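Peer 1: My questions all concern the structure below.
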Amino acid sequence: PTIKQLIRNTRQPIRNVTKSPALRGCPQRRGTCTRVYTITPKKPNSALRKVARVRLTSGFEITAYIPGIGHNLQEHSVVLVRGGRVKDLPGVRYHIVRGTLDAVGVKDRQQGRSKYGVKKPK
Amino acid sequence: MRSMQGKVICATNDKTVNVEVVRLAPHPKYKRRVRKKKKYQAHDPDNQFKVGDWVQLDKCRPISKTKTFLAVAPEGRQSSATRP
Amino acid sequence: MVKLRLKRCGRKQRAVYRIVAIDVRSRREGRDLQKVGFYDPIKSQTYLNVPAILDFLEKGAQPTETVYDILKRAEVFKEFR
Amino acid sequence: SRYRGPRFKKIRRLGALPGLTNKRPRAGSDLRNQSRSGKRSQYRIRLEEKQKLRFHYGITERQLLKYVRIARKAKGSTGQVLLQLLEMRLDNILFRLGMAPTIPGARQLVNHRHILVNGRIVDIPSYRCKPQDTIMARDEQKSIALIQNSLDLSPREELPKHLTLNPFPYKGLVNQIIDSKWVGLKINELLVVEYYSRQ
Amino acid sequence: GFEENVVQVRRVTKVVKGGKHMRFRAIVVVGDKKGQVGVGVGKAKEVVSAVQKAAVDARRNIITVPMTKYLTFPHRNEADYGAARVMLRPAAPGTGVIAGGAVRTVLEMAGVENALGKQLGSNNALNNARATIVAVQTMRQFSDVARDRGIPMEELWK
Amino acid sequence: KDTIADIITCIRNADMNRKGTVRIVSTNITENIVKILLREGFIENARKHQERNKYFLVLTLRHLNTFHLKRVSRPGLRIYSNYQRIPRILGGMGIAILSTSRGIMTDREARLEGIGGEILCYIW
RNA sequence: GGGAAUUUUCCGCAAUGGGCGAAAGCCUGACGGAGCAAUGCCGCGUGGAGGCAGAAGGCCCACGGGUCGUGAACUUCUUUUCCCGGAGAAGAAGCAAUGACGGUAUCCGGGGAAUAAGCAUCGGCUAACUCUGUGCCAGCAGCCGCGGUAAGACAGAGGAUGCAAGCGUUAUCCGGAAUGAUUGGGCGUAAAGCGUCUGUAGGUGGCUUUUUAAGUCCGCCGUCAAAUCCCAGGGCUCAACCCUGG
Ligand SMILES: [Mg+2]
Ligand SMILES: [Mg+2]
Ligand SMILES: [Mg+2]
Ligand SMILES: [Mg+2]
Ligand SMILES: [Mg+2]
Ligand SMILES: [Mg+2]
Ligand SMILES: [Mg+2]
Ligand SMILES: [Mg+2]
Ligand SMILES: [Mg+2]
Ligand SMILES: [Mg+2]
Ligand SMILES: [Mg+2]
Ligand SMILES: [Mg+2]
Ligand SMILES: [Mg+2]
Ligand SMILES: [Mg+2]
Ligand SMILES: [Mg+2]
Ligand SMILES: [Mg+2]
Ligand SMILES: [Mg+2]
Ligand SMILES: [Mg+2]
Ligand SMILES: [Mg+2]
Ligand SMILES: [Mg+2]
């Protein structure tokens, strides 16, 4: 458009759409779990996927996902949350870390062993 | 070049005349020369100036708050009234 | 007061100094206005431009202990006065 | 920071590497697996051309990618200037003279303090030898034997023009800068530059 | 008589009563590596026959590319073909051929070994590839400028 | 409005319709611009006449290339350049008509003269 | 204590610098050093060469074989590193003496392959594949989306690819993104022309000859510290890095 219109600052950038407001920019964040449960995913897929309602120390009440097979978590447990969203579950936008404060590594797991906090066999 | 010219609008006050200065400078993003405006306050102890006149400014030690210039006559002009 | 001393700039356990004239109250790595030499103890090399140094000493610049020794090995004082 | 693995496993798939070892593969194993592989993607072709440099010189991607920056800074034929940096490595020069049967074998001789350059020991296989640089062994009979065994127990390949040899010290000398056509490996340098276009 | 390469293969459908006729759409580029660039499109029920038709259609239209002594373009030029705009510039020796997928092959098969290009419009290989041909046809050597301008080549280098 | 903005177009449209004559307006600036295209070999001939006190000029175009043109410095945005940033259109196949204190000349003639100026239009 | 998370309640004023003193000297948690951490960058290892034929073992098979595999075993060669035993600084400027670091770097001798590789990925983007198990279950996933009894997309196994004392995940910024398009986009129908007109400020503005030189162009002067970036040169065994000059 006309250069006089440009001097009016007709153009501006677009602001960030960051996908983890609860972490407040930090990579991870601790939180106590309030209620463990499962939920049915979107229509094409079908499973009982595991989740956990967490109270982070940053002043945010959110829910996360339980990756891996099997878990020992229950109410009043201290977990460690990271980013990453699960598309199949709407509303879930966080994952917990296995091999941490209270979440233990996945039993009987060899391949992709660092993504779940599991000691190497010896 | 060195000093700033200006128009001498609002010359009502005593021993002082408000002065409007104009300059052109390119826009940094688009490189177009825009006419900007800025006012100042000067003093003429003889009160030899009035509204409608053309005046030049000079630097001097401060006389009061916001009045830190001196009004003098212009140096280079182009009257040239009816030359062949 | 103006003073002729030397600042450190180099690697750990490898000292490589440079002579410079700066104010006293300024820190070791202060703003410089004229660099007037270079020196290290290991290689023992020295350029030590004399025309700039005499300009400050005439104006009341006081060398330090070692800079006095560096200039002492040079014959700058005999031409300074 | 080193391969420490089998080399024929890659030579069947990669190509030919006289620098690594003059030995050759034995078996054209199976027509089945060749039918399994079949064609190749363009990214794979540019990839395999890069891997040949990782073996012929014994270099890492970090160590290699640094040389890419030096070539980009250098004006003219960034692909050619890359080989000028690799061929001038000490590990290649001691090999092309014939003082070792394999470049990994030459890399070991450099690491255990058996060679000196211009009268000084060099414990860096990645040392860049400049023009008019002398390369001699040490005075120990162990050091002298290893190079002497390499120059005596097998035939010798014809040397380049930019390398000499004085058999009385069993030493060498670098004359000038290499030409891109005297590389000891059939290369298509342009594909390598196309691979690092992203980085 | 020379080689060819498939730039793209794509299945197209039909909505006949009983079902759908899934037939292939093959885009083939032909180049001797020494000029003689050709772009063609073919279509058939089978994959092999589609490639053959595109080969004839590509050989049906061949054009030489102007190159310099160092196998580069004489100068930059842009072109458009529908919603497909393609950019081209010369390059230094040893720079290599770098461009999009549809643009890399038609230049790689042409013979230019040092150049660079970027496509600013649609991602269609066909519309982008044809734009390259429109870009190269509109470029010439310095000698062609001299004869059409009446000034020698050395006088223009200044 | 900008005369030269119209001058560059009347020559452009003539090549799209592929005509020989232009009947372009005559001014102190255009006579210098056209004079460069004669020596540079872009136009075969030029010729002057009049119908009123005003004046005009008649050009003679050449008979798959195209006579490309482009304006650079506009009234809404003037563009100047120093000596070190004098352009080089297409490695020399094109030229730039720019106004110096010593009148208008070609960029090549400015490279020898050692003085930059106001680029007005590129040619290729 | 908070937090996902960031260090010894150390040695010394030997050097550098600062304050006091005529001087000797005093003080200096500044500073110079050590220690902890793969936090990052750089560099070197975790063996070289040869290894005829054949065998055990793992996986796969059209059951003939193929692959892991010259890999291993084995034979010689070497010792960065490792262990043992000696020698041993520069840094100090100032006749001599004056060293926290420090018996530190470094050098010589002996022993001997002996002390040393793991992490992710293998549906397409994207380099790299089969088998078993499971049966829209358990679960994967950055996007498209895979799994409902022969799953190259889940888990295990073998094999392969890409990295390498690192490898991956997450978070933050830029790029890709011409997706705010000065360079470099558009408004008939895809998002976009006020319902229309008159007009203030503002923006731009026909031709010709002069004036001035604000903008603009050229030549000189001063300045935009040093460090960093760029080019060259030199010094640490190379590199990172340090230094000189421009
Ligand atoms: Mg007063
Ligand atoms: Mg490393
Ligand atoms: Mg693009
Ligand atoms: Mg005008
Ligand atoms: Mg002290
Ligand atoms: Mg002191
Ligand atoms: Mg005390
Ligand atoms: Mg860590
Ligand atoms: Mg071996
Ligand atoms: Mg693939
Ligand atoms: Mg997985
Ligand atoms: Mg199955
Ligand atoms: Mg799997
Ligand atoms: Mg942008
Ligand atoms: Mg625009
Ligand atoms: Mg748009
Ligand atoms: Mg509509
Ligand atoms: Mg609409
Ligand atoms: Mg109006
Ligand atoms: Mg500076």
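Identifiers in this document derive from the order of the structure tokens: chains are assigned A, B, ..., residues are numbered from 1 separately in each chain, and ligands are numbered from 1 in order of occurrence.
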So which residues are near ligand 20, meaning at most 12 Å away with only C-alpha atoms (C1' of nucleotides) and all ligand atoms counted, given back as a list in words?

Peer 2: residues 224, 225, 226, 227, 228 and 229 of chain G

Peer 1: DSSP says alpha helix (DSSP H) for which residues of chain F? Put them as a PDB file with C-alpha atoms, in the first residue's frame?

Peer 2:
ATOM      1  CA  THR F   3       6.253  12.687 -16.799  1.00  0.00           C
ATOM      2  CA  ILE F   4       9.028  10.079 -16.938  1.00  0.00           C
ATOM      3  CA  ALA F   5       6.695   7.516 -15.374  1.00  0.00           C
ATOM      4  CA  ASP F   6       4.606   7.956 -18.526  1.00  0.00           C
ATOM      5  CA  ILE F   7       7.646   7.983 -20.827  1.00  0.00           C
ATOM      6  CA  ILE F   8       8.805   4.517 -19.781  1.00  0.00           C
ATOM      7  CA  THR F   9       5.304   3.096 -20.353  1.00  0.00           C
ATOM      8  CA  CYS F  10       4.617   4.569 -23.801  1.00  0.00           C
ATOM      9  CA  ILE F  11       7.737   2.741 -24.980  1.00  0.00           C
ATOM     10  CA  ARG F  12       6.733  -0.435 -23.125  1.00  0.00           C
ATOM     11  CA  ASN F  13       3.196  -0.598 -24.525  1.00  0.00           C
ATOM     12  CA  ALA F  14       4.541  -0.043 -28.043  1.00  0.00           C
ATOM     13  CA  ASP F  15       6.583  -3.251 -27.810  1.00  0.00           C
ATOM     14  CA  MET F  16       3.658  -5.287 -26.456  1.00  0.00           C
ATOM     15  CA  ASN F  28      14.760  18.851 -21.497  1.00  0.00           C
ATOM     16  CA  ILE F  29      14.937  15.567 -19.569  1.00  0.00           C
ATOM     17  CA  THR F  30      13.553  13.170 -22.186  1.00  0.00           C
ATOM     18  CA  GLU F  31      15.846  14.451 -24.946  1.00  0.00           C
ATOM     19  CA  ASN F  32      18.786  13.394 -22.767  1.00  0.00           C
ATOM     20  CA  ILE F  33      17.198  10.028 -21.960  1.00  0.00           C
ATOM     21  CA  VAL F  34      16.434   9.199 -25.599  1.00  0.00           C
ATOM     22  CA  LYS F  35      19.937  10.317 -26.599  1.00  0.00           C
ATOM     23  CA  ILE F  36      21.366   7.499 -24.475  1.00  0.00           C
ATOM     24  CA  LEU F  37      19.237   4.832 -26.169  1.00  0.00           C
ATOM     25  CA  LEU F  38      20.537   5.876 -29.598  1.00  0.00           C
ATOM     26  CA  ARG F  39      24.212   5.423 -28.719  1.00  0.00           C
ATOM     27  CA  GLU F  40      23.488   2.313 -26.633  1.00  0.00           C
ATOM     28  CA  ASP F 107      26.160   4.107 -15.064  1.00  0.00           C
ATOM     29  CA  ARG F 108      29.239   2.912 -16.964  1.00  0.00           C
ATOM     30  CA  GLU F 109      30.030   6.542 -17.767  1.00  0.00           C
ATOM     31  CA  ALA F 110      29.592   7.244 -14.048  1.00  0.00           C
ATOM     32  CA  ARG F 111      31.993   4.425 -13.142  1.00  0.00           C
ATOM     33  CA  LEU F 112      34.688   6.264 -15.106  1.00  0.00           C
ATOM     34  CA  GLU F 113      33.552   9.747 -14.065  1.00  0.00           C
TER      35      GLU F 113
END

Peer 1: Ligand 19: which residues are within 10 Å, counting only C-alpha atoms (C1' of nucleotides) and all ligand atoms, as a list in words?

Peer 2: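 Those residues are residues 197, 198 and 199 of chain G.
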
Peer 1: Could you please extract the residues within 8 Å of ligand 3, counting only C-alpha atoms (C1' of nucleotides) and all ligand atoms, and hand them back as a ChimeraX atom specification?

Peer 2: /E:118-121 /G:176

Peer 1: Within 10 Å of ligand 16, counting only C-alpha atoms (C1' of nucleotides) and all ligand atoms: which residues, as a list in words?

Peer 2: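 For ligand 16, the residues inside 10 Å are residues 178, 179, 181, 185, 186, 187 and 191 of chain G.
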
Peer 1: Any chance you could export the current selection's C-alpha atoms (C1' of nucleotides) as a PDB file, in the first residue's frame?

Peer 2:
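After the write, out36.pdb holds the following:
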ATOM      1  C1'   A G 178       6.683 -13.863   0.508  1.00  0.00           C
ATOM      2  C1'   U G 179       2.249 -16.512   7.018  1.00  0.00           C
ATOM      3  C1'   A G 181       5.228  -9.467   1.517  1.00  0.00           C
ATOM      4  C1'   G G 185       1.698  -9.832  -0.962  1.00  0.00           C
ATOM      5  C1'   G G 186      -3.424  -8.647  -1.903  1.00  0.00           C
ATOM      6  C1'   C G 187      -9.006  -6.605  -1.860  1.00  0.00           C
ATOM      7  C1'   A G 191     -10.666 -12.914   4.131  1.00  0.00           C
TER       8        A G 191
END

Peer 1: Throw together the list of residues within 12 Å of ligand 15, counting only C-alpha atoms (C1' of nucleotides) and all ligand atoms, and drop it here as a list in words.

Peer 2: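 Sorted by chain and then by number, the residues are residues 1, 2, 3, 5, 6 and 11 of chain A; 30 of chain B; 178, 180, 181, 182, 183, 184, 185 and 186 of chain G.
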
Peer 1: Which value, in Å to one decimal, gives the distance between atom CA of residue 136 of chain D and atom CA of residue 104 of chain D?

Peer 2: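 Result for atom CA of residue 136 of chain D versus atom CA of residue 104 of chain D: 18.8 Å, one decimal.
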
Peer 1: Show me which residues are within 9 Å of ligand 5 counting only C-alpha atoms (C1' of nucleotides) and all ligand atoms, and format the list as number ranges by chain.

Peer 2: G: 13-17, 28, 31

Peer 1: I need the residues from that last selection saved to file as a PDB file, in the first residue's frame (with C-alpha atoms (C1' of nucleotides)), if you can.

Peer 2:
ATOM      1  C1'   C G  13      49.342 -11.845  48.565  1.00  0.00           C
ATOM      2  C1'   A G  14      54.604 -15.186  44.522  1.00  0.00           C
ATOM      3  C1'   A G  15      52.446 -12.036  40.133  1.00  0.00           C
ATOM      4  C1'   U G  16      48.892  -7.804  38.541  1.00  0.00           C
ATOM      5  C1'   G G  17      46.418  -3.628  40.644  1.00  0.00           C
ATOM      6  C1'   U G  28      44.051  -6.091  50.189  1.00  0.00           C
ATOM      7  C1'   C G  31      42.916 -10.227  41.963  1.00  0.00           C
TER       8        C G  31
END
